[PDB]
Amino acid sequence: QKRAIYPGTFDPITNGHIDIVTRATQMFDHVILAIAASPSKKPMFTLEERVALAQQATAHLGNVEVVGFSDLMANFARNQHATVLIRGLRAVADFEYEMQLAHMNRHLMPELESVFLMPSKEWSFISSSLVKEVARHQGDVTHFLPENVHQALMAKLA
């Protein structure tokens, strides 16, 4: 049984994240979508909210398990028995910072292999930050988010 972890802040989870996790479930037996608490990022949604949103957004995928964590990423991957670490790559600016994290995760857990997947062209220019910025200005972001997430974001900003 191959177990992969897809960690991130997911504040909130977008269609780009759904795309990545869906690709991951087609490749690995079990995928842990791991939501980092990330207090330094001052997230819009609490960890509990982010977990609830991602669980509903991924309920259609049978081999996904959504879990929150505040640990060091490498320790949490070891403790979940994961040997693959999934990250999405949309652009060059992502790639450079992604390399630092992957080399650090390799130093901390050499058997955890980092994998980068590329999202659909449809989601190649979006991010949670961008979607929140548009939504803060009352712009329509229904296209970019799961239904439950879009409702939660509208409600949070109301």
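Throughout, rigid core stands for the largest set of C-alpha atoms superposing within 1.5 Å between the two forms. Note that residue numbering begins at 1 and tracks the sequence as displayed.
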| query | finding |
| --- | --- |
| RMS Cα shift after core superposition in 8 other deposited structures of this protein, winner of 86-94 and 30-38 | 86-94 |
| 91-99 versus 113-121 - which carries the larger mean C-alpha B factor in the record | 91-99 |
| Mean temperature factor over C-alpha atoms, higher-scoring stretch between 145-153 and 9-17 | 145-153 |
| Deposited CA B-factor, highest of 131, 64, 67, 54 | 64 |
| Relative C-alpha B-factor of residue 59, binned into the chain's lowest, middle or highest third | highest |
| Relative C-alpha B-factor of residue 105, binned into the chain's lowest, middle or highest third | middle |
| Lowest, middle or highest third - CA B-factor, residue 33 | lowest |
